[PDB]
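See below for the structure under consideration.
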Amino acid sequence: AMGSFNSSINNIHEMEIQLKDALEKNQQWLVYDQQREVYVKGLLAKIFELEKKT
Amino acid sequence: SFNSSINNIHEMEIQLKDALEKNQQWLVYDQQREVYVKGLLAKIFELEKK
Amino acid sequence: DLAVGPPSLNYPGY
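Chains as they are written, first to last, in the entry's author numbering: chain A, 156 to 209; chain B, 159 to 208; chain C, 791 to 804.
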């Protein structure tokens with residue numbers, strides 16, 4: 156139908172929105188995880204000093 | 159041409175299925191890393207009692 | 791509008 160055609164066009168609008176939002180989120184996971192790695196490397200260096208005291 | 163535009167929409171769908179598969183991988187990976195960080199702290203705790 | 795992002799951009803944000 157011509158109504159099913161019109162509806163199917165609107166999803167394709169949502170799809171773009173979904174791509175855009177998911178794209179900027181995997182992109183934010185990078186910054187977040189890069190920061191956690193700073194913390195982890197800190198803890199590891201800290202554990203390594205507590206092991207010299209053993 | 160329209161057939162050129164429909165091809166892009168097909169590509170857009172491929173990219174979304176990808177951006178969503180990776181977003182899930184980020185989630186599961188995140189939970190594992192958080193469990194890991196707690197382990198490191200738990201080990202720091204045990205080492206400090208000495 | 792459903793796909794997940796990180797709790798923050800800084801760590802931890804607790």
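For every residue, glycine included, the Cβ atom is placed at its ideal position computed from N, Cα and C.
Fill in: Residue closest to C/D791, alpha-carbon to alpha-carbon, out of B/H168, B/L174, B/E169
Nearest neighbour of C/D791 by Cα position, chosen from B/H168, B/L174, B/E169, turns out to be B/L174.
Fill in: Short CB-CB distance (under 8 Å) between B/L178 and chain C
Taking Cβ atoms only, chain C reaches closer than 8 Å to B/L178, which makes this a yes.
Item to complete: For chain B, find out if any of its Cβ atoms is closer than 8 Å to the Cβ of A/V195; answer yes or no.
Response: Taking CB atoms only, A/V195 has a neighbour in chain B less than 8 Å away.
Worksheet entry | Range covered by the alpha helix (DSSP H) that runs through A/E169 | Counting along the chain, the alpha helix (DSSP H) containing A/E169 begins and ends at 157–205.
Fill in: Distance CB(B/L205)-CB(A/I167) smaller than 8 Å
Going by C-beta atoms, B/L205 is not nearer than 8 Å to A/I167.
Worksheet item: Does any residue of chain A bring its CB to less than 8 Å from the CB of C/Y804?
Response: Judged by the 8 Å Cβ criterion, C/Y804 is not in contact with chain A.
Worksheet item: How long is the line joining the alpha carbons of A/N181 and A/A200, rounded to whole angstroms?
Response: Rounded to whole angstroms, A/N181 to A/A200 spans 28 Å at the Cα level.
Item to complete: Would you grab the beta carbon distance between C/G795 and A/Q183 for me? Rounded to a whole angstrom, and I think it's under 8 Å.
Response: Right, the Cβ-Cβ distance comes to about 5 Å (below 8 Å), so this counts as a contact.
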